[PDB]
Amino acid sequence: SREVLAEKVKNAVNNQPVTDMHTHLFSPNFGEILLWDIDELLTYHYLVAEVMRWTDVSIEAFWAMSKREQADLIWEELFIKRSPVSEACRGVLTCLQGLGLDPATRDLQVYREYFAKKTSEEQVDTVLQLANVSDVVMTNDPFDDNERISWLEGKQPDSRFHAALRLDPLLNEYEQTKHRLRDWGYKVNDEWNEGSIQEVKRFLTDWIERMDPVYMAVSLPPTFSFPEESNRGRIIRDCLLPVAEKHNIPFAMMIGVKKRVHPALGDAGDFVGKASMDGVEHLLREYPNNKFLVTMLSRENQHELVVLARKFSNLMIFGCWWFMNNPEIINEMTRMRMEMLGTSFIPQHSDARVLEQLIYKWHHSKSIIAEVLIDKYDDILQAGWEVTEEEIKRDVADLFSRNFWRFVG
Amino acid sequence: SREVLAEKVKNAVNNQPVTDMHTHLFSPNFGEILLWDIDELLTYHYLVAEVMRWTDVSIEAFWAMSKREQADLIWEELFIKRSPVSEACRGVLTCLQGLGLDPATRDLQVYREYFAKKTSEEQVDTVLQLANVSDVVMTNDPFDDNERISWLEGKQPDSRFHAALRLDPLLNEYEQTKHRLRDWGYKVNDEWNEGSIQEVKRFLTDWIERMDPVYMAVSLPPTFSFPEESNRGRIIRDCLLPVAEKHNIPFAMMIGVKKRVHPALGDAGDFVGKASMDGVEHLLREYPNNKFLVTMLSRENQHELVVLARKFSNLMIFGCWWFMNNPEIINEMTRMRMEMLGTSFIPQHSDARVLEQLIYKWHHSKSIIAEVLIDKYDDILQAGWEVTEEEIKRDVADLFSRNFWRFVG
Amino acid sequence: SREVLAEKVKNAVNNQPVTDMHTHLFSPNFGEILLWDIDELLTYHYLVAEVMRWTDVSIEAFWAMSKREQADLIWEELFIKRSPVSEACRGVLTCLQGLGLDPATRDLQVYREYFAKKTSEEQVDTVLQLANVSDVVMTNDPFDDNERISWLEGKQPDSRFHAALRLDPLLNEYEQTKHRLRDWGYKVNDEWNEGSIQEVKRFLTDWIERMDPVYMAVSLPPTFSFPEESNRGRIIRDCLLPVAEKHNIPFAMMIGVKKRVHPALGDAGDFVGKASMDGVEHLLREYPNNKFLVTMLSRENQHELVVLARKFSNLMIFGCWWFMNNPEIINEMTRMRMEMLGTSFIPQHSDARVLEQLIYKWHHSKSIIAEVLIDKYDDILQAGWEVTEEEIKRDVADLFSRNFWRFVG
Ligand SMILES: O=C(O)[C@@H](O)[C@H](O)[C@H](O)C(=O)NO
Ligand SMILES: O=C(O)[C@@H](O)[C@H](O)[C@H](O)C(=O)NO
Ligand SMILES: O=C(O)[C@@H](O)[C@H](O)[C@H](O)C(=O)NO
Ligand SMILES: [Cl-]
Ligand SMILES: [Zn+2]
Ligand SMILES: [Zn+2]
Ligand SMILES: [Zn+2]
Ligand SMILES: [Zn+2]
């Protein structure tokens with residue numbers, strides 16, 4: 001009867017349309033910022049870091065190569081010279097097979113043919129159908145010249161794509177960012193006074209109006225603290241929180257990233273650190289009318305984060321972020337979470353940078369989540385409880401989609 | 001032959017009478033402080049925290065409801081609207097089934113009937129028989145007005161119940177507690193001098209004489225330190241340790257709890273934090289004639305605690321406490337412990353607040369411990385070693401009962 | 001087809017000759033420092049710590065017993081009075097069975113007979129053949145009077161044994177060690193100046209020339225930091241690194257050991273602590289022309305160490321050291337590592353102190369690594385990838401031998 005349960009859980013999980021609440025994808029009409037195709041998959045920064053542990057090619061020479069050459073190098077170094085057993089390499093193969101291509105031939109030239117004959121709009125339809133993803137939440141940074149243009153030009157995203165206002169430059173680099181704000185018309189002063197406060201709010205409000213984001217977000221360092229008499233502390237306290245409450249918009253904090261420990265690696269140069277929970281605890285307790293979405297980078301912060309979620313209902317924890325996005329960790333995190341929170345959390349997000357990743361990110365995660373659900377349902381079944389297929393579909397819907405939409409309101 | 005071993009290990013584990021060395025239960029003759037019945041199980045604070053993550057009912061409104069209404073709300077929110085897959089919810093079902101009730105009907109009114117027709121004394125006999133628990137260690141706090149009365153009135157606990165002198169108010173709130181001591185006749189001065197020292201010892205000795213506790217205990221914060229020029233540091237050094245050595249009574253320290261991070265939740269408002277091992281290390285090494293029972297709340301303290309037990313024989317680690325009491329964690333902790341300590345530790349305690357919890361707490365934990373034992377016995381069996389059924393029963397007896405009684409002496 | 005894969009992975013793993021890159025063994029011709037036989041196995045410090053948690057025999061009385069008596073005590077306490085389920089006890093049995101002895105008889109006197117009729121050279125041939133170990137890396141400390149003699153007398157180690165220059169006394173006890181250096185002719189001054197710098201380099205160079213080590217090593221405390229204006233910080237910066245770069249010799253750092261928390265236990269008296277990654281991060285980034293071999297003692301440092309390896313190619317992480325060398329931990333560590341690094345790491349080393357341990361250390365670890373490999377190969381097989389037996393043998397060769405030799409150059 002566990003196998004009967006297993007088949008129903010797996011079916012429910014596989015058929016449930018997914019709302020990916022955090023990615024780095026863009027509506028196809030936004031242009032080239034939407035990365036896709038086998039060359040992009042292979043040049044994903046997760047693989048750049050991995051190839052540099054093997055190749056004799058210098059990092060400078062690598063960045064000088066064309067994307068085709070980088071992709072050929074990574075394919076040779078990580079798939080041919082050594083078996084592609086890492087999670088990221090495994091992911092590439094899963095994407096290929098899911099698209100109908102054959103990893104058995106190891107024919108990179110043939111795989112490339114598949115992508116060259118399609119348009120971005122077509123590949124988006126293909127991938128979302130294969131990955132069974134109904135909604136994608138973008139990461140939209142108004143401080144990026146390329147992204148900003150699209151929004152200013154009035155471009156509205158595809159109905160399947162949702163905006164999220166990323167604020168890293170504002171919160172973590174205010175000393176430099178303030179000057180850009182001034183150039184844009186927001187009259188922030190040198191001192192943090194009523195004027196600076198109101199203009200920063202104006203800036204946030206203008207972009208909220210323009211993007212209609214499901215939430216505002218920021219990635220924070222292991223040393224994150226709050227309250228704090230710093231630009232970040234003051235902006236969060238005097239501008240972000242008040243504005244988020246007014247529009248009832250959740251604040252997402254991705255905590256634990258130590259930026260650029262290896263600058264030459266670019267996007268692959270970030271490290272991780274354990275953070276104190278004090279700041280998050282204070283925010284949750286002192287701002288009960290604000291909603292917070294949180295995910296942490298350190299493996300050592302995971303359990304206490306689950307416990308904090310038991311304390312505050314205005315906290316919704318989500319995903320297995322970045323360095324946590326590996327089977328061994330996803331499994332332990334998801335089990336600890338269901339054990340202490342039942343179904344009141346968002347188990348995963350893809351964080352996809354390349355369109356096709358939605359296939360492997362969700363395929364790999366769904367199989368793990370399905371196994372966890374099967375164990376948990378079986379435990380209560382052995383206790384005499386009877387679970388209906390509709391209750392399973394309901395639970396699965398909450399985990400992969402409803403909890404998020406319900407939280408953002 | 002692994003299945004032959006499995007059946008013997010499981011049989012031995014299930015038939016071994018358990019000594020629960022830490023609970024919040026009371027001898028039935030102590031009165032109403034002994035909580036029991038389906039309504040109490042459902043209003044366990046672990047479930048209050050969980051229901052607050054789902055219900056639209058305010059925490060104030062919840063505390064205003066009758067226990068019957070709270071129980072109905074929790075049943076509806078956590079068992080009916082979503083599958084009861086969390087560890088605490090699973091536990092309720094296990095208790096129901098163990099009592100002969102049927103979770104399949106989901107008939108809360110029928111379950112309530114079972115409890116209304118029995119006396120506390122009868123339910124105690126029923127539960128201890130079902131849970132196969134021979135001895136229960138209570139948590140007796142002389143600073144609680146309700147508990148204190150029973151002891152002062154000369155009430156002696158049931159032979160199956162043992163006393164443990166809880167000292168949180170004395171050690172963590174001396175500034176306020178000192179005044180109560182004075183009102184009780186213990187002449188502690190404003191300054192920590194010979195007089196204050198002797199009167200605190202007198203207080204401890206009087207209660208040791210009155211309760212005849214198996215150990216003195218205290219829960220400590222993540223910031224716990226020792227030695228320390230504070231009330232706690234001085235009381236432990238000048239009073240607790242000397243008195244514990246004289247009567248050869250162990251000192252139990254439950255470390256890592258951060259009290260009231262969410263006051264409105266009451267008992268469900270405590271958080272957790274990783275502690276430094278420095279204080280425990282110092283205590284173990286500098287007080288070789290004292291015995292220490294230790295359990296920690298942070299997942300990140302578990303492995304180093306096991307290593308410290310390898311260093312000092314006056315340290316006996318026990319259980320998977322509170323936020324650690326979940327399958328995923330219990331499994332990892334128990335395996336790390338057996339691997340580095342063999343059978344020289346106490347794997348679990350229930351921490352039961354409601355009588356019936358003894359059923360699920362021990363049922364859930366025993367099945368995990370049995371699987372760990374089976375793996376470990378199988379590994380040495382494959383090495384050519386032959387384990388007899390009597391040796392298995394012996395090992396199981398040490399884990400679930402003898403190690404504790406042997407340690408407390 | 002998973003079983004077909006399983007048989008090939010297991011075969012490849014078992015047949016792959018192992019290069020043990022860190023042990024405390026010595027070439028047989030070096031003399032008595034090479035410990036071997038059943039009495040040594042039983043008196044391994046891991047077991048001394050374990051027996052002290054059970055026996056009523058004082059630690060002083062234990063150290064006063066002959067090695068035969070200590071071995072009899074440990075056998076009685078840990079194998080007869082309680083089942084030998086701990087990892088270290090399990091290891092002893094694995095060694096016995098591997099040598100052809102029968103753990104079923106529990107006849108210690110008979111086992112002893114096997115060893116008394118052989119020479120060290122013969123047992124070395126026997127063990128290395130059984131453990132399938134082709135190369136052993138020793139730990140050679142020039143500050144030890146016993147070891148130093150052999151080297152000064154011109155003794156060259158067996159071709160299967162390689163030297164590693166251990167520098168703990170120099171780096172962690174310079175204030176005392178400096179005086180010994182002077183007595184040996186190295187004119188280090190009271191102040192850290194050009195003269196002291198050059199003489200410390202001379203000392204390192206002389207021993208590098210004499211030992212021809214594959215790397216220089218040191219064990220460091222949880223509080224390790226760098227850069228640092230201390231003897232250790234200055235010696236590493238001004239002498240060790242420059243010299244290691246010139247001879248292209250890797251620097252091995254075993255971090256997280258807190259020495260002598262329980263002095264009376266001798267070698268069994270060391271504890272563990274979580275370290276900051278700051279020092280390692282700085283060393284890797286600021287000294288790109290230097291190579292670093294790193295292993296950490298704290299379970300809480302493992303994941304971030306893997307992430308740091310993704311950042312820097314001059315970092316090669318290795319093994320599951322000491323308190324990490326237990327199935328539960330080895331399994332989680334190895335899976336996290338393969339998931340984020342593929343095959344670019346050294347999964348294990350034995351750290352053997354007694355010759356026969358090579359049998360169980362490698363037997364226990366190989367079975368775990370084999371299971372991890374099987375899961376990872378199966379995941380990509382399910383993705384459509386086809387792995388050849390030769391590619392498996394290749395991958396296995398990198399993990400157990402080639403990655404190390406390639407890194408040391
Ligand atoms: O949102 C973030 O800051 C991260 O997720 C980064 O995009 C990171 O580099 C990444 O690729 N995802 O994990
Ligand atoms: O003894 C303690 O301090 C804890 O166990 C508390 O009673 C806690 O609230 C609880 O219910 N048990 O984990
Ligand atoms: O090399 C080291 O410092 C350690 O490995 C010690 O030798 C330790 O005591 C041991 O036996 N190995 O883990
Ligand atoms: Cl930690
Ligand atoms: Zn695990
Ligand atoms: Zn992201
Ligand atoms: Zn308790
Ligand atoms: Zn070693």
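Numbering of ligands and ligand atoms starts at 1, following listing order. Chain letters run A, B, ... following the sequence lines, proteins first and then strands; every chain starts at 1. Side chains are part of it too, since the values below use all heavy atoms of this structure and drop only hydrogens, waters and symmetry mates.
- For the residues A/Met254, A/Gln357, A/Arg353, the heavy atom positioned nearest atom 6 (C) of ligand 1 is part of A/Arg353.
- Inter-residue side-chain proximity for A/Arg299 and C/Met336 is flagged as met; some heavy-atom pair is nearer than 4.5 Å.
- Per-residue contacts place B/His45 under 4.0 angstrom from the following atoms of ligand 2 (heavy atoms of the residue considered): 8 (C), 9 (O), 10 (C), 11 (O).
- The protein atom (non-hydrogen) at minimum distance from atom 12 (N) of ligand 2 is B/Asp351 OD1, 3.2 Å.
- A salt bridge is defined here as a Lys NZ or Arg NE, NH1 or NH2 lying under 4.0 Å from an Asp or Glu carboxylate O, and A/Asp375 with A/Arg335 meets this definition.
- The shortest contact between atom 7 (O) of ligand 2 and any protein heavy atom is with B/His24 NE2, 2.9 Å.
- Judged by distance alone, with hydrogens and angles left aside, the side-chain atoms of C/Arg310 form a donor-acceptor pair with the main-chain N or O of C/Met340 at under 3.5 Å.
- In terms of polar-atom proximity, A/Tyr46 is counted as a contact of ligand 1, with an N or O under 3.5 Å from an N or O of the ligand.
- Donor-acceptor pairing under 3.5 Å is recorded for the side chains of A/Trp362 and A/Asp20.
- In terms of N/O distances under 3.5 Å, ligand 1 is not approached by A/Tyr44.
- Closest to atom 4 (C) of ligand 2, if we only count protein heavy atoms, is B/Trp321 NE1, 3.6 Å.
- The shortest contact between atom 1 (O) of ligand 2 and any protein heavy atom is with B/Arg166 NH2, 2.6 Å.
- A salt bridge does not link A/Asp351 with A/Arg353: none of the charged nitrogens is closer than 4.0 Å to a carboxylate oxygen.
- The shortest side-chain heavy-atom distance between A/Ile329 and A/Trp321 does not fall under the 4.5 Å cut-off.
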